[PDB]
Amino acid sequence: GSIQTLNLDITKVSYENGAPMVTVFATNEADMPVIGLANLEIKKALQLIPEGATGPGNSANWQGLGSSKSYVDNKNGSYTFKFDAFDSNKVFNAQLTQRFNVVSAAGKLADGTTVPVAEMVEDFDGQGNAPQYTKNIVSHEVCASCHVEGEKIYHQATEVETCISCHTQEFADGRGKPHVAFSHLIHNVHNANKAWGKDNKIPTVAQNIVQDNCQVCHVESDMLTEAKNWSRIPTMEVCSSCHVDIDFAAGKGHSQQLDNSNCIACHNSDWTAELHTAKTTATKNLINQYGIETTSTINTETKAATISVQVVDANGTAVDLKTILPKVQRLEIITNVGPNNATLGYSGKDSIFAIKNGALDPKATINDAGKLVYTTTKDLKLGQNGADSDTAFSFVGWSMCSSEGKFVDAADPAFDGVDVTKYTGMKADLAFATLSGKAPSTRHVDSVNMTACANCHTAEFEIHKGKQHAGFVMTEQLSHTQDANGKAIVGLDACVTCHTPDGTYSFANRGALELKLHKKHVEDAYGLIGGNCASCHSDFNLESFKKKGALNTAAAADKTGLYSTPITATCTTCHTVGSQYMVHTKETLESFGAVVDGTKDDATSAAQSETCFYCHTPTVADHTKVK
């Protein structure tokens, strides 16, 4: 027995006896009644003090009426709560909106059926009818973009409405701690201007992901009638959460404000909304002004790839590159071979900055058709490593010079790209060519795609933007397949040009794409992801292992490469051999056909000898499934 989803509805609220009687109906993912819940509770009963009631400019706030774990299982999927101690403070007002926060703890029914956590709020008028007014600003779904759905976020609960129901203005006032009001706390813990908690945690990582972008949590919605409160209700209590150096009482860093009466008179919604979103809006506008369309052909006699880049405008119309060359900050072309098992390594790949700060490299030209044209100089070794090695794949990244939301001419040929306020990474592209002239091989893209990355990093993520790279914006420009609904898949297959089976610049960094995303995110995003493979994966492509060879897993004492068989290499990124995270010894892994941190030749020869998937049957839902 296992329930996948527990749905909760408050179906009836009756005040016929004084204190409300509250009926909850519980169903599973199949809409069948759930009988026997043992940990159902009204975690909070509240009523809504309306906006301005506590003073001009002040927020609406949730006033406490108690809680209850007292209920009858009616044996039909419904549960009826009573309150032993309703409204201890004697503030109940039937003219106010009434809220109930209902939670069901993860656990087991009696029959042993597993039941997942469930939370909800529902609002009512003072007689249990539909409510007359609400404070509906955000919904739990925005938090699930970045925090694993169904797991506690910091503590107590899994859904933002539960946090909001306890972290009230009344709660903060009662503790003498303004900062624990949820509308203060939530900005505080994602903003690095001040630390939080006894430990003085500086939110460096939250700051680097969220970047004060109001629109990752504040989203307009017919379902959320107070969604525009983020710009319409300026208060010292909320604005000070990130604006930490103003003292409104003393008039330091701002004119004196003794209350919230005048904030909106000067801080109009249009200005607050515009000023906090201006820069991301302007950047997104610049990224969407141009595209590129890239082709690649192999000379059958020289075995060199020629890559052609067509700039296009927002409508897909040709732009001659000569017209915008002075504004191009960088354009880079990286070519590798064998899209399912890259063969040239990091050191052997072909790479060029065809354009730097408005100057063509002498190896790149613009033809009479207005296309940039570049021919590889490295030995591509086409056809030297089986059918996959027939195919060259070329990744194009580029950037435009930009200031205050406009493209500008490059004024400084030596501009180093460190100052990311001076340029915009643009839409990257991927082009395939074959030596044989047959259709190209392509890597699988059916297990991970850029939609998952964009949940935390946004669709405008300028990957590697800085001193070393233009910034790769990943879009349908480099899609070559569709999912089962016909949606273009934006794969990470182009990243393999550098993230090769031989690693990146050093044999020490687990640079292969099969290892690198796991290594970065298990080290730096475990608070968000932990073991949640679904944060990136729709599926595992286990069949892809049959196209892999050796994967670089370590550097020897002399700085040369050590390699593992590909399943062992992939699992060991998070399961280090000889650590507390890996039960299998090296000897045991070798008994299962593996090479652990051996020579490229030994790992290549053994790459299809691993018996791991005889026992292991990983799925995204449970990657641990085995024996």
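Numbers for residues come from their place in the sequence shown, where the first is 1.
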Between the two ranges 406-414 and 504-512, the one averaging a larger CA B factor in the entry: 406-414
Selected stretch [higher average CA B-factor]: 272-280 or 550-558: 550-558
Out of 234, 425, 128, 370, highest CA B-factor residue: 370
Candidate residues 493, 301, 159, 226, the one whose C-alpha B factor the record puts highest: 301
Ranked C-alpha temperature factor of residue 178 among modelled chain residues, by third: middle
Chain-relative CA temperature factor third for residue 21: middle
B-factor third for the C-alpha atom of residue 453 within its chain: lowest
Chain-wide C-alpha B factor ranking for residue 575, given as lowest, middle or highest third: lowest
Residue 600 by Cα B-factor - lowest, middle or highest third of the modelled chain: highest
